[PDB]
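Residues 2 to 443 (our numbering) are what the sequence shown spells out, left to right. Don't be surprised by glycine CBs; every beta carbon is placed ideally from N, CA and C.
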Amino acid sequence: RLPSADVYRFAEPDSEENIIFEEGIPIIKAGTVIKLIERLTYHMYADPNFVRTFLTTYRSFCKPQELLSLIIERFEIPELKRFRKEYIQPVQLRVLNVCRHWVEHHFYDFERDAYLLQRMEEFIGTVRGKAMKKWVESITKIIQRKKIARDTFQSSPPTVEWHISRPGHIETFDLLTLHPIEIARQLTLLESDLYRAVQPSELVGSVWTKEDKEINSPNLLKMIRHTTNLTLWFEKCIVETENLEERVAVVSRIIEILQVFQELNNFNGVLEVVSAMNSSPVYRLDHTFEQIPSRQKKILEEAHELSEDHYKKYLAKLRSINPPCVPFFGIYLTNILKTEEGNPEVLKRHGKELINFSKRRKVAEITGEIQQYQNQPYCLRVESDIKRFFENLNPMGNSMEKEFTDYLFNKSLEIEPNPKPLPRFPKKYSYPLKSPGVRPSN
Ligand SMILES: O=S1(=O)NC(Cc2cccc(C(F)(F)F)c2)=Nc2ccccc21
Numbered sequence: 002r003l004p005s006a007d008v009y010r011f012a013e014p015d016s017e018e019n020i021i022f023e024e025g026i027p028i029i030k031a032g033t034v035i036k037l038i039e040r041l042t043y044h045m046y047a048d049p050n051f052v053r054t055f056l057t058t059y060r061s062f063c064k065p066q067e068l069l070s071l072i073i074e075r076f077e078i079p080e081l082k083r084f085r086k087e088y089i090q091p092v093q094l095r096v097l098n099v100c101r102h103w104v105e106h107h108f109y110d111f112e113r114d115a116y117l118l119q120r121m122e123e124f125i126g127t128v129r130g131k132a133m134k135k136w137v138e139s140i141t142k143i144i145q146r147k148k149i150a151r152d153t154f155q156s157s158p159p160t161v162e163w164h165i166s167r168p169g170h171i172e173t174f175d176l177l178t179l180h181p182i183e184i185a186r187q188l189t190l191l192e193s194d195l196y197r198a199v200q201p202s203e204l205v206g207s208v209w210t211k212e213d214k215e216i217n218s219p220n221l222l223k224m225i226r227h228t229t230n231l232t233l234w235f236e237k238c239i240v241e242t243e244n245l246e247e248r249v250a251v252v253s254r255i256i257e258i259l260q261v262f263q264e265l266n267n268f269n270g271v272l273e274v275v276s277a278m279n280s281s282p283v284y285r286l287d288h289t290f291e292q293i294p295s296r297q298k299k300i301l302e303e304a305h306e307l308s309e310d311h312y313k314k315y316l317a318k319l320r321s322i323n324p325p326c327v328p329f330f331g332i333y334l335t336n337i338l339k340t341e342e343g344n345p346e347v348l349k350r351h352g353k354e355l356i357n358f359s360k361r362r363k364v365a366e367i368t369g370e371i372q373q374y375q376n377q378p379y380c381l382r383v384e385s386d387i388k389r390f391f392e393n394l395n396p397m398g399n400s401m402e403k404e405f406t407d408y409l410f411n412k413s414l415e416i417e418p419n420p421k422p423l424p425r426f427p428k429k430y431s432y433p434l435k436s437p438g439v440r441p442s443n
């Protein structure tokens with residue numbers, strides 16, 4: 002029935018040397034690249050979970066150019082009445098379905114590689130056939146829509162809040178001059194847009210830590226860099242305020258921003274404040290935290306407790322709230338890296354190497370959890386000048402990260418030296434330190 006090895010590479014029988022399954026549509030555990038492509042375009046049934054997971058994770062084991070060459074060759078299949086009807090036509094329609102999902106959900110590969118797109122359009126444009134016309138036409142319209150695209154409140158959003166800095170006075174914008182409510186809202190819109198922009202393939206096979214990270218993971222990198230710039234800027238605001246009374250005002254203002262992040266269910270923001278508060282230069286400031294009111298200390302402790310016991314309280318709090326929210330991104334990076342490190346790239350059976358597909362699938366299920374929260378818009382107005390201020394945060398300046406964190410700790414040792422005495426430092430703020438609070442204006 003199926004073709005011989007001398008004419009087709011996709012029709013060798015299944016064995017423990019080329020394809021292994023998990024414990025109805027079977028679920029592939031590991032297999033050769035040829036075996037994966039074959040099951041990806043299996044003539045017996047439709048497999049949307051495998052199609053979706055394969056196109057998200059394939060870059061970890063196959064190059065885009067190689068995948069196109071293999072699916073084109075899988076399509077080219079050389080009793081002839083039933084051979085075309087039950088084997089050639091179903092496989093060719095499965096190949097076209099794979100091209101459709103590929104161009105629709107992963108167009109960035111055709112954007113990054115112009116020659117890849119040239120080959121894909123050449124392949125689709127040469128198909129012809131009877132039932133393939135409708136397939137060639139939907140695929141063509143998707144490539145058209147993607148090429149063109151590359152080239153709203155449900156209710157009244159609250160009034161934008163201002164404090165010392167008047168609107169448009171961008172040169173005075175700072176932690177204590179902007180309104181703490183507006184800082185949290187504007188940072189939540191910025192973080193919400195960053196969260197929503199991340200694609201699942203940016204998180205596969207640790208590509209964001211490899212040589213071509215800027216191309217493969219630009220949205221993920223933007224998200225981690227925002228977290229680093231915000232957390233380090235909060236710490237810099239704290240240790241660079243040498244006067245103790247003014248430093249209490251600064252730390253206390255950051256706690257107020259975290260409370261507005263909690264009202265907004267921006268967990269990403271909450272844990273960036275907790276991260277700055279737990280950092281080595283800030284966490285050891287006993288004289289500063291002694292002055293922080295009890296209610297405010299309790300708010301910071303309950304925020305920390307979300308992380309405790311492998312984020313037990315965070316995971317329970319996240320699944321109980323209603324939209325909108327901004328989930329804590331770091332836990333996904335943590336669980337994905339644990340998966341990448343604790344599972345082997347390949348499985349060996351009978352001296353043969355099989356790609357570990359279950360490893361990729363476990364990583365793809367974590368990215369699916371990410372995606373379930375990417376359609377939650379906030380009923381908040383953007384303030385372009387405040388958004389720009391946070392987008393342009395550069396606490397590190399022209400320094401390496403380690404050199405700047407070393408400086409932050411040394412500043413902490415300077416402002417709060419035991420048994421060395423506690424020096425008094427002059428005031429740096431020439432405006433009122435009192436917060437306008439976190440209650441909106443009705
Ligand atoms: O006391 S916690 O539960 N809360 C925090 C967050 C936090 C950081 C800095 C100061 C404070 C404050 F309560 F004094 F304001 C709280 N970090 C911890 C780190 C390790 C163990 C226990 C905790």
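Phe-410 places its beta carbon 7 angstroms or farther from that of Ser-276. In the DSSP secondary-structure assignment, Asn-357 is bridged to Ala-31. In this structure, DSSP gives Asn-267 an extended state, which the three-state scheme calls strand. Here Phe-22 carries a strand assignment [DSSP, helix/strand/coil].
Inclusion of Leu-204 and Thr-340 in the CB contact set at 7 angstroms is not warranted, their separation being larger than that value. In the three-state reduction of the DSSP assignment, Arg-350 falls in the strand class, which pools E and B. When the Cα atoms are used, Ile-28 and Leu-348 turn out to be separated by approximately 16 angstroms.
Taking the Cβ of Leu-301 as the reference point, at least one heavy atom of ligand 1 falls within a distance shorter than 6 angstroms.
When the five nearest sequence neighbours on each side are left out, the beta carbons in the same chain lying within less than 6 angstroms of the beta carbon of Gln-292 are those of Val-249, in order along the chain. Pairing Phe-391 with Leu-179 gives a Cβ-Cβ distance that is not under 7 angstroms. Take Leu-56, set aside five residues on each side of it, and the residues of its chain with a beta-carbon closer than 8 angstroms to its own are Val-99, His-102, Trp-103, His-106, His-107, in chain order. Taken in chain order, the whole alpha helix (DSSP H) runs of length 4 or more contained in the segment 398-435 are 402-416.
Exclusion of the five residues before and after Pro-441 leaves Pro-159, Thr-160, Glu-162, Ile-182 as the residues of its chain whose Cβ lies within less than 8 angstroms of its Cβ.
Excluding the 5 residues flanking it on each side, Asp-386 has same chain C-beta neighbours closer than 6 angstroms at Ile-171, in chain order. Beta-bridge analysis with DSSP links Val-327 to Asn-267. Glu-192 is classed as buried because its beta carbon has at least 16 other beta carbons within 10 Å across all chains shown. Non-local C-beta neighbours of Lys-363 in its own chain, meaning closer than 6 angstroms and more than five positions away in sequence, comprise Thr-340, ordered along the chain. Less than 7 angstroms divides the Cβ of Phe-330 from the Cβ of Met-224. The C-beta distance from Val-251 to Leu-177 rounds to 7 angstroms, short enough to meet the 8 angstroms contact threshold.
Annotation for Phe-124: the continuous alpha helix (DSSP H) segment containing it runs 115-126. Between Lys-428 and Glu-212, the C-beta spacing is not below 7 angstroms.
Between the segment 83-90 and the segment 21-35, the count of C-beta pairs closer than 8 angstroms stays below three; the two stretches do not touch. Looking at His-227, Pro-345, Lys-435, the one whose alpha-carbon comes closest to that of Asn-393 is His-227.
Spatial neighbours of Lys-353 in its own chain (CB-CB distance under 6 angstroms, excluding positions within 5 residues in sequence) are listed in chain order as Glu-18.
Contact check for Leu-301 against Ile-258 fails: the beta carbons are separated by 7 angstroms or more. Note that the C-beta distance between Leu-195 and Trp-209 is not below 7 angstroms. Only exposed fits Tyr-284, as fewer than 16 other CB atoms lie within 10 angstroms of its CB. Between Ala-185 and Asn-220, the gap from beta carbon to beta carbon reaches 7 angstroms or more.
The C-beta separation of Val-327 from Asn-244 comes to about 34 angstroms, leaving the pair out of contact by the 8 angstroms criterion.
The beta carbon of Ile-337 is closer than 7 angstroms to those of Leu-204, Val-364, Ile-367 in its chain, skipping five residues each way along the sequence.
The beta carbon of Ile-20 is closer than 6 angstroms to those of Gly-32, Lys-36 in its chain, skipping five residues each way along the sequence. In the assembly as shown, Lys-298 is an exposed residue. Its beta-carbon has fewer than 16 other beta-carbons within 10 Å. Judged by beta-carbon spacing, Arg-254 lies within the 7 angstroms limit of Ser-436, meaning their Cβ atoms are closer than that value. Going by beta carbons, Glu-23 and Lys-30 fall inside the 7 angstroms limit.
For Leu-117 and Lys-147, the gap between their C-alpha atoms comes out near 15 angstroms.
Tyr-9 sits away from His-44, with the two beta carbons spaced by 7 angstroms or more.
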